[PDB]
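Here is the structure we will look at.
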Amino acid sequence: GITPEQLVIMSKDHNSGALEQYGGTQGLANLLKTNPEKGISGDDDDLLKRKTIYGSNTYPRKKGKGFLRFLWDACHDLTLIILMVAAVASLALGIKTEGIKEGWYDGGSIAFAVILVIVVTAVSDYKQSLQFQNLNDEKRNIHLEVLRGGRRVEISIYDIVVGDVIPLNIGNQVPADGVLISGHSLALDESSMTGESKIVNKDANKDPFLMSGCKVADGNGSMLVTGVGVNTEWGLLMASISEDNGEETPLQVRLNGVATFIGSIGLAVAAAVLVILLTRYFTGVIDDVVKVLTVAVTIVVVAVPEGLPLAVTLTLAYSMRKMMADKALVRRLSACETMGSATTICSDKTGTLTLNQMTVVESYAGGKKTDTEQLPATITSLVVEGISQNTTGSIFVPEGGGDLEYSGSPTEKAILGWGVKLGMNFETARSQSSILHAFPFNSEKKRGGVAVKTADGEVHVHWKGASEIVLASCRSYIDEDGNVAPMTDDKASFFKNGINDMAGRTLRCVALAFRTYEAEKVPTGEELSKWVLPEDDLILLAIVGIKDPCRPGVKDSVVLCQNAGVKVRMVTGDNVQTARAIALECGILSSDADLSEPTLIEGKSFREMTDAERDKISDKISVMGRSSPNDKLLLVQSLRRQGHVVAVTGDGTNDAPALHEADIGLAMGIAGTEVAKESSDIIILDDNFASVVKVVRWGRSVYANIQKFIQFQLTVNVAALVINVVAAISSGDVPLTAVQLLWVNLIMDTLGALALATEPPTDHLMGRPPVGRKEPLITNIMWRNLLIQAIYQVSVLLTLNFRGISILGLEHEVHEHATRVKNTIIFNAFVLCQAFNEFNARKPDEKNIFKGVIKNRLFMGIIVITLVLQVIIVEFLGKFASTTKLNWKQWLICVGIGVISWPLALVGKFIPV
Ligand SMILES: [Mg+2]
């Protein structure tokens with residue numbers, strides 16, 4: 001018909017490309033039923049047609065927690081699945097073995113383990129998700145008139161449809177993709193969508209293309225909307241990020257591997273025991289096979305780590321809470337760890353690593369650079385009056401007394417920030433001075449002039465403009481702390497060289513001058529516009545250079561990140577020169593190999609290569625300018641294909657694909673766009689890089705704590721498996737009942753995990769490089785430690801299980817009572833050995849300092865008191881553990897058996913054996 005989605009092609013094509021084939025912006029009128037006076041026909045069918053054919057501006061919104069989804073995700077844990085199958089088996093087998101079919105104590109503990117895991121994960125993730133939903137919800141959209149025949153004024157941005165001409169002013173936000181149909185020096189801030197720091201100047205013929213989700217930095221004009229909804233570049237980017245799948249955290253896969261290994265070992269050994277013992281029974285209605293089967297499922301239960309999911313969830317939740325105590329928010333528990341293993345960090349430039357606000361970086365004043373610092377009073381007074389009386393923009397709340405917020409174009413904002421830094425107060429600066437005449441900033445005439453009648457009789461003429469023309473129009477200057485001085489040829493050459501060097505860097509160049517011409521008044525003149533405002537013999541005050549600078553204290557953070565083995569690179573859509581300058585300032589890119597192709601490549605060069613040939617180079621890309629969002633996605637994909645655990649810190653919508661495809665996507669809390677924050681696993685509410693370093697440290701500490709608990713849990717499981725298997729083959733009885741060890745796993749894990757988690761992160765973790773993504777979760781040192789502890793426990797508990805009635809005093813006064821007492825001694829000595837092994841694991845690979853934290857002591861007291869209560873009283877607690885009362889001598893024997901763990905733990909720590 002007439003632009004049936006050909007308009008998406010028009011926008012896709014190069015700037016000012018393919019728009020001439022359609023007759024230009026005006027030719028596009030009468031197409032899409034657009035009239036410059038009437039953007040919409042009077043009827044509503046004329047709007048429904050645009051809603052249907054060209055779509056609607058509403059973007060679909062993702063929905064989470066639809067129906068207990070997080071509980072299902074928790075249930076999908078592989079180790080948890082092993083636990084569920086073992087739990088069902090044991091419950092049915094025991095309930096048939098006893099035949100009572102009353103109560104749920106036999107499998108109650110094993111069911112409660114997974115129930116607790118599910119509940120804890122669901123609660124923690126629900127809280128985190130709702131908190132993130134509340135925080136990230138930012139009303140960036142600004143509702144405005146649509147300007148179509150003066151009808152349906154002030155409709156929400158979601159009601160704008162293709163074919164209607166909407167107006168845009170300074171500070172507004174471009175709602176939908178469009179082409180400007182008229183304007184007055186309009187200029188957009190596309191840094192959100194394209195990543196270019198400098199504002200883009202839009203013309204009705206040169207660059208007639210306005211992008212959705214853009215901030216109008218300067219000027220104003222009316223624009224025809226072309227793309228709305230998914231058809232927009234914003235919409236298309238949001239569409240190319242929806243699909244998420246094939247993800248598994250390195251920690252998650254490592255835990256799955258360890259759980260699968262231990263579970264397979266347990267299953268194999270239990271099956272061997274079952275087969276051998278059945279052969280013994282048959283040859284060595286029901287034939288007592290049920291008792292053997294309950295023994296076998298008990299062995300299988302003690303084999304698998306029941307409390308591992310509980311401990312990992314508790315550690316991740318505690319570390320997420322501690323991170324949120326800092327100014328970094330983690331969306332999911334798993335992410336809390338994945339950032340520790342990150343091997344490279346790709347950081348946006350505009351918004352991330354740079355304030356994104358133009359401000360003065362250097363300056364000139366009194367014949368000297370005198371960058372920032374504090375200017376002399378004599379020159380400072382004139383400079384501040386000129387900055388106050390020659391700027392259209394103004395500070396938001398000088399009268400109110402709150403934090404100052406600047407307005408106007410980035411040039412005006414930076415000049416005003418400089419004036420404020422110099423000690424200017426806008427309320428008073430504007431006072432004591434009346435603007436007789438004001439010729440504002442003009443594209444035709446670069447300079448901007450003003451006439452200020454100071455409180456004194458004489459009147460000043462201020463000129464703020466481009467450095468070259470202002471300098472050419474001035475023949476004198478105000479030297480430091482002194483009166484006017486003629487500018488000699490050498491001084492003019494010095495100023496011009498300074499301006500040229502300043503322009504060599506990314507920063508722009510704005511110069512201020514003042515002429516003391518007086519004795520005449522603009523009001524006395526018949527017409528203010530007729531005031532020539534003479535431009536001759538000006539006196540230069542201070543040349544000022546304004547650029548988008550690196551965030552404060554970002555170079556040091558990058559230095560720390562690099563020291564931690566985590567390389568940092570920059571992926572940005574800004575031109576190569578600006579990216580190179582900002583990288584050098586921020587420390588990402590060192591001085592050497594600055595211009596080499598691998599060190600910095602443009603987006604087009606990177607994408608030209610095949611996905612196979614985008615990998616031999618992706619390992620060296622330190623900077624990347626003019627990179628499209630798909631090029632950021634390609635870089636992330638290539639880095640991941642090479643085995644990197646890529647983190648991406650970005651703010652704009654262009655970074656959304658890179659954030660999503662990345663292993664760990666970090667998004668700035670305030671600067672970040674809604675799309676970037678949605679696709680990020682962590683959103684940095686600090687808007688700072690020190691928070692990123694802290695997050696890396698917290699992830700490494702989380703991994704260390706998980707490793708320590710894994711050591712402890714493997715010790716417990718491998719001691720109990722041996723004890724039960726040997727006891728079953730030797731006599732057919734299991735000392736460690738299923739419920740006893742289920743309680744041990746549950747309580748000891750849920751308490752010791754957080755007890756070790758109390759260890760605050762230490763800078764030591766930053767010294768070592770990141771984990772290799774392939775090293776086993778259980779390092780050989782942890783294997784030796786857990787093996788030594790498990791061997792000791794096996795030895796003591798087996799010698800007890802076999803000779804305890806004789807070894808323990810008061811031997812066999814009643815055989816059943818003596819057997820129960822011996823089993824209780826074995827069980828609670830096992831518990832105490834586990835507690836003291838937790839003590840050891842708190843500070844591994846060194847001599848224990850034996851100085852715990854208050855919370856650790858409190859939880860040790862809790863463990864001791866709960867164990868003592870469980871053993872000592874058999875009613876309402878200890879019924880299921882089947883434990884008989886113990887006398888003081890027996891309890892002393894148990895605490896001695898536990899204490900013996902510490903010396904051998906130390907010996908194993910200090911001996912490679
Ligand atoms: Mg950005």
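Letters for chains follow the order of the structure tokens (A, B, ...), residue numbers begin at 1 for each chain, and ligand numbers begin at 1 in the order shown.
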
| said: With only C-alpha atoms as the counted atoms, please give the residues lying no more than 9 Å from stretch 501-503 of chain A, apart from itself and same-chain residues fewer than 6 positions off, as a ChimeraX atom specification. | reply: /A:362,509,545

Take the residues from that selection and write them out as a compact mmCIF listing (two decimals), in the first residue's frame, keeping C-alpha atoms.
```txt
# COMPACT_ATOMS: atom_id res chain seq x y z
CA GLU A 362 40.52 22.11 32.56
CA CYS A 509 36.32 24.81 24.04
CA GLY A 545 37.16 23.24 28.44
```

| Skipping near chain neighbours, those fewer than 6 positions away, what residues fall within 12 Å of residue A:384 using only C-alpha atoms, listed as a PyMOL selection string? | chain A and resi 375-378+390-391+415-426+428-430+433+462+512-514+541-542

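Note that atom CA of residue A:278 and atom CA of residue A:300 are 16.4 Å apart.
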
| task | Return as a ChimeraX atom specification the residues of protein, DNA or RNA that approach ligand 1 to within 7 Å, with only C-alpha atoms and all ligand atoms taken into account. | result | /A:191-192,195,348-352,650-652

How would the residues just picked look written out with N, CA, C and O atoms as a compact mmCIF listing (two decimals), in the first residue's frame?
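After the write, part_37.txt holds the following:
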```
# COMPACT_ATOMS: atom_id res chain seq x y z
N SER A 191 22.76 9.22 24.02
CA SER A 191 23.67 8.36 24.76
C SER A 191 22.96 7.14 25.33
O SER A 191 23.56 6.07 25.48
N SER A 192 21.67 7.27 25.65
CA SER A 192 20.92 6.13 26.16
C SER A 192 20.80 5.04 25.10
O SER A 192 20.94 3.85 25.41
N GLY A 195 24.92 5.49 22.82
CA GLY A 195 26.12 5.53 23.61
C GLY A 195 27.07 6.67 23.29
O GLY A 195 28.20 6.67 23.79
N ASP A 348 30.37 -0.21 29.62
CA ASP A 348 29.97 0.91 28.79
C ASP A 348 30.77 2.14 29.19
O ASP A 348 31.38 2.20 30.26
N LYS A 349 30.79 3.14 28.31
CA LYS A 349 31.52 4.37 28.55
C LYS A 349 30.61 5.51 29.00
O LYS A 349 30.90 6.17 30.01
N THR A 350 29.53 5.76 28.28
CA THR A 350 28.64 6.87 28.59
C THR A 350 27.62 6.41 29.63
O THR A 350 26.79 5.54 29.36
N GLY A 351 27.69 7.00 30.83
CA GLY A 351 26.84 6.60 31.92
C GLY A 351 27.57 5.71 32.91
O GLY A 351 27.41 5.84 34.12
N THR A 352 28.39 4.80 32.38
CA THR A 352 29.24 3.93 33.18
C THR A 352 30.69 4.28 32.88
O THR A 352 31.10 4.31 31.72
N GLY A 650 26.70 -1.92 32.18
CA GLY A 650 26.18 -0.96 31.23
C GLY A 650 24.95 -0.28 31.79
O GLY A 650 24.36 -0.72 32.78
N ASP A 651 24.58 0.82 31.15
CA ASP A 651 23.43 1.62 31.57
C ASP A 651 22.39 1.79 30.48
O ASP A 651 21.19 1.74 30.78
N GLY A 652 22.80 1.99 29.23
CA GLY A 652 21.86 2.32 28.18
C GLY A 652 21.10 1.12 27.66
O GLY A 652 21.39 -0.03 27.98
```

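The coordinates place atom CA of residue A:882 at 19.9 Å from atom CA of residue A:293.
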
Counting only C-alpha atoms, which residues in stretch 686-705 of chain A sit no more than 10 Å from stretch 325-335 of chain A? For each one, give the nearest pair of atoms and the distance in Å, sorted by chain then residue number, as a tab-separated table.
```
residue	atom	partner	partner_atom	distance
A:686	CA	A:327	CA	5.1
A:687	CA	A:327	CA	8.6
A:688	CA	A:327	CA	9.1
A:690	CA	A:327	CA	9.9
A:691	CA	A:328	CA	6.3
A:692	CA	A:328	CA	7.9
A:694	CA	A:326	CA	8.5
A:695	CA	A:328	CA	7.3
A:699	CA	A:335	CA	8.4
```

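Candidate residues A:753, A:676, A:211, A:147 were compared for distance to residue A:35, and the nearest is A:147, using only C-alpha atoms.
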
How would you write, as a compact mmCIF listing (two decimals) with N, CA, C and O atoms, in the first residue's frame, the set of residues in stretch 79-225 of chain A that DSSP gives as helix (DSSP H, G or I)?
```
# COMPACT_ATOMS: atom_id res chain seq x y z
N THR A 79 20.34 -32.28 42.91
CA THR A 79 20.57 -32.88 44.22
C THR A 79 19.28 -32.96 45.01
O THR A 79 19.01 -33.95 45.70
N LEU A 80 18.44 -31.92 44.90
CA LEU A 80 17.14 -31.96 45.55
C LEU A 80 16.28 -33.07 44.96
O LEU A 80 15.50 -33.69 45.68
N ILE A 81 16.39 -33.33 43.66
CA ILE A 81 15.63 -34.41 43.05
C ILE A 81 16.08 -35.76 43.61
O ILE A 81 15.26 -36.64 43.90
N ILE A 82 17.40 -35.95 43.74
CA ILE A 82 17.90 -37.17 44.38
C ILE A 82 17.33 -37.29 45.78
O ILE A 82 16.92 -38.37 46.22
N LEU A 83 17.29 -36.17 46.51
CA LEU A 83 16.76 -36.20 47.87
C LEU A 83 15.29 -36.58 47.87
O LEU A 83 14.85 -37.34 48.73
N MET A 84 14.51 -36.06 46.92
CA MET A 84 13.09 -36.40 46.86
C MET A 84 12.89 -37.88 46.58
O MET A 84 12.04 -38.53 47.21
N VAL A 85 13.63 -38.43 45.62
CA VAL A 85 13.44 -39.85 45.30
C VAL A 85 13.82 -40.70 46.50
O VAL A 85 13.09 -41.63 46.88
N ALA A 86 14.95 -40.39 47.14
CA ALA A 86 15.36 -41.13 48.32
C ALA A 86 14.33 -40.98 49.44
O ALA A 86 14.06 -41.94 50.18
N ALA A 87 13.75 -39.79 49.58
CA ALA A 87 12.77 -39.55 50.63
C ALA A 87 11.51 -40.38 50.41
O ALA A 87 11.00 -41.00 51.35
N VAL A 88 11.00 -40.40 49.19
CA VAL A 88 9.81 -41.20 48.90
C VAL A 88 10.11 -42.67 49.15
O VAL A 88 9.33 -43.38 49.80
N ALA A 89 11.25 -43.15 48.64
CA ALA A 89 11.63 -44.54 48.86
C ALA A 89 11.66 -44.86 50.34
O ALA A 89 11.02 -45.82 50.79
N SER A 90 12.39 -44.06 51.13
CA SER A 90 12.55 -44.36 52.55
C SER A 90 11.23 -44.27 53.29
O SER A 90 10.94 -45.10 54.16
N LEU A 91 10.40 -43.27 52.98
CA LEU A 91 9.12 -43.13 53.66
C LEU A 91 8.26 -44.36 53.43
O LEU A 91 7.77 -44.98 54.39
N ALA A 92 8.06 -44.74 52.17
CA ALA A 92 7.24 -45.91 51.88
C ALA A 92 7.84 -47.16 52.51
O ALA A 92 7.13 -47.97 53.12
N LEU A 93 9.16 -47.33 52.39
CA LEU A 93 9.80 -48.54 52.85
C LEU A 93 9.68 -48.68 54.36
O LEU A 93 9.34 -49.75 54.87
N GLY A 94 9.94 -47.60 55.10
CA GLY A 94 9.82 -47.66 56.55
C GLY A 94 8.39 -47.85 57.01
O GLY A 94 8.12 -48.64 57.91
N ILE A 95 7.44 -47.12 56.40
CA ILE A 95 6.06 -47.24 56.83
C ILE A 95 5.55 -48.65 56.58
O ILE A 95 4.70 -49.15 57.33
N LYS A 96 6.06 -49.32 55.55
CA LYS A 96 5.72 -50.73 55.36
C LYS A 96 6.51 -51.63 56.31
O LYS A 96 5.99 -52.67 56.73
N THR A 97 7.74 -51.27 56.65
CA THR A 97 8.55 -52.10 57.54
C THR A 97 7.91 -52.20 58.92
O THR A 97 7.71 -53.30 59.44
N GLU A 98 7.60 -51.05 59.53
CA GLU A 98 6.97 -51.10 60.84
C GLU A 98 5.51 -51.53 60.75
O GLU A 98 5.00 -52.19 61.65
N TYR A 105 7.13 -39.59 61.23
CA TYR A 105 8.45 -39.36 61.80
C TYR A 105 9.55 -40.09 61.03
O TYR A 105 10.69 -39.62 60.99
N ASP A 106 9.22 -41.22 60.41
CA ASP A 106 10.25 -42.01 59.72
C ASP A 106 10.90 -41.22 58.60
O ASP A 106 12.13 -41.09 58.53
N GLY A 107 10.09 -40.67 57.69
CA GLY A 107 10.56 -39.81 56.63
C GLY A 107 10.31 -38.34 56.86
O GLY A 107 10.51 -37.54 55.94
N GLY A 108 9.86 -37.96 58.06
CA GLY A 108 9.53 -36.58 58.31
C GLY A 108 10.71 -35.65 58.16
O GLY A 108 10.60 -34.58 57.58
N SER A 109 11.87 -36.05 58.70
CA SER A 109 13.05 -35.20 58.62
C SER A 109 13.51 -35.02 57.18
O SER A 109 13.86 -33.91 56.76
N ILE A 110 13.52 -36.10 56.40
CA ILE A 110 13.99 -35.99 55.02
C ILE A 110 13.02 -35.16 54.19
O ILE A 110 13.44 -34.38 53.32
N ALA A 111 11.72 -35.30 54.43
CA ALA A 111 10.75 -34.45 53.75
C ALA A 111 10.92 -32.99 54.17
O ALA A 111 10.85 -32.08 53.34
N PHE A 112 11.15 -32.76 55.47
CA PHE A 112 11.28 -31.40 55.97
C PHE A 112 12.53 -30.73 55.44
O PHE A 112 12.56 -29.51 55.30
N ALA A 113 13.58 -31.50 55.14
CA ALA A 113 14.78 -30.90 54.58
C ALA A 113 14.48 -30.20 53.26
O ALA A 113 14.77 -29.01 53.09
N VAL A 114 13.88 -30.92 52.32
CA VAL A 114 13.56 -30.32 51.03
C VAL A 114 12.46 -29.28 51.18
O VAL A 114 12.45 -28.27 50.46
N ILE A 115 11.51 -29.49 52.10
CA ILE A 115 10.48 -28.48 52.31
C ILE A 115 11.11 -27.17 52.77
O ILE A 115 10.74 -26.09 52.31
N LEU A 116 12.07 -27.25 53.70
CA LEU A 116 12.75 -26.06 54.18
C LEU A 116 13.55 -25.40 53.06
O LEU A 116 13.55 -24.18 52.93
N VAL A 117 14.25 -26.20 52.25
CA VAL A 117 14.98 -25.64 51.12
C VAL A 117 14.03 -24.85 50.23
O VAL A 117 14.29 -23.70 49.87
N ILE A 118 12.91 -25.47 49.87
CA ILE A 118 11.96 -24.85 48.96
C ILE A 118 11.41 -23.56 49.56
O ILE A 118 11.35 -22.52 48.90
N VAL A 119 11.01 -23.62 50.83
CA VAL A 119 10.40 -22.45 51.47
C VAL A 119 11.41 -21.31 51.56
O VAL A 119 11.09 -20.16 51.27
N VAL A 120 12.64 -21.62 51.98
CA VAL A 120 13.65 -20.57 52.13
C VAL A 120 13.95 -19.93 50.79
O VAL A 120 13.99 -18.70 50.66
N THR A 121 14.17 -20.75 49.75
CA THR A 121 14.46 -20.20 48.44
C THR A 121 13.30 -19.35 47.93
O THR A 121 13.50 -18.24 47.43
N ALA A 122 12.07 -19.85 48.07
CA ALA A 122 10.91 -19.12 47.59
C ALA A 122 10.77 -17.78 48.30
O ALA A 122 10.57 -16.75 47.66
N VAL A 123 10.90 -17.78 49.63
CA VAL A 123 10.74 -16.54 50.38
C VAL A 123 11.83 -15.55 50.01
O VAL A 123 11.55 -14.37 49.73
N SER A 124 13.09 -16.00 49.99
CA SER A 124 14.19 -15.09 49.70
C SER A 124 14.04 -14.49 48.31
O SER A 124 14.19 -13.27 48.12
N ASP A 125 13.74 -15.33 47.31
CA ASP A 125 13.66 -14.84 45.94
C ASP A 125 12.42 -13.98 45.73
O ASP A 125 12.46 -13.02 44.96
N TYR A 126 11.31 -14.29 46.41
CA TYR A 126 10.14 -13.42 46.32
C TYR A 126 10.45 -12.04 46.88
O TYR A 126 10.10 -11.02 46.27
N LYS A 127 11.10 -11.99 48.04
CA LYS A 127 11.46 -10.70 48.62
C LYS A 127 12.38 -9.93 47.69
O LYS A 127 12.16 -8.74 47.42
N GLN A 128 13.41 -10.60 47.16
CA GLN A 128 14.35 -9.91 46.28
C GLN A 128 13.65 -9.43 45.01
O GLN A 128 13.90 -8.32 44.54
N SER A 129 12.78 -10.26 44.44
CA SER A 129 12.11 -9.90 43.19
C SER A 129 11.17 -8.73 43.39
O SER A 129 11.14 -7.81 42.56
N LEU A 130 10.37 -8.73 44.46
CA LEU A 130 9.47 -7.61 44.68
C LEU A 130 10.26 -6.34 44.99
O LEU A 130 9.88 -5.25 44.54
N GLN A 131 11.36 -6.46 45.74
CA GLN A 131 12.19 -5.29 46.01
C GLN A 131 12.77 -4.72 44.72
O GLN A 131 12.76 -3.50 44.51
N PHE A 132 13.27 -5.59 43.83
CA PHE A 132 13.80 -5.13 42.56
C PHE A 132 12.71 -4.51 41.70
O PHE A 132 12.95 -3.50 41.02
N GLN A 133 11.52 -5.10 41.70
CA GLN A 133 10.42 -4.54 40.92
C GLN A 133 10.05 -3.15 41.41
O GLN A 133 9.79 -2.25 40.61
N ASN A 134 10.02 -2.95 42.73
CA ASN A 134 9.73 -1.63 43.27
C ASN A 134 10.83 -0.63 42.93
O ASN A 134 10.55 0.50 42.53
N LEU A 135 12.10 -1.04 43.08
CA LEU A 135 13.20 -0.10 42.89
C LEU A 135 13.36 0.29 41.42
O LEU A 135 13.47 1.47 41.09
N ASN A 136 13.38 -0.70 40.53
CA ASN A 136 13.66 -0.44 39.12
C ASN A 136 12.55 0.33 38.43
O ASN A 136 12.78 0.91 37.36
N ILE A 157 1.87 8.32 26.59
CA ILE A 157 2.77 8.01 25.48
C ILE A 157 2.36 6.71 24.80
O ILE A 157 2.63 6.51 23.61
N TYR A 158 1.71 5.81 25.54
CA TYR A 158 1.26 4.55 24.95
C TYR A 158 0.14 4.74 23.94
O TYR A 158 -0.17 3.81 23.20
N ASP A 159 -0.48 5.92 23.90
CA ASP A 159 -1.56 6.20 22.97
C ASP A 159 -1.09 6.84 21.67
O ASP A 159 -1.90 7.04 20.76
N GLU A 190 21.40 11.09 22.58
CA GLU A 190 21.18 9.70 22.21
C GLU A 190 22.03 8.73 23.01
O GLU A 190 22.02 7.53 22.72
N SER A 191 22.76 9.22 24.02
CA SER A 191 23.67 8.36 24.76
C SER A 191 22.96 7.14 25.33
O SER A 191 23.56 6.07 25.48
N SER A 192 21.67 7.27 25.65
CA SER A 192 20.92 6.13 26.16
C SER A 192 20.80 5.04 25.10
O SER A 192 20.94 3.85 25.41
```
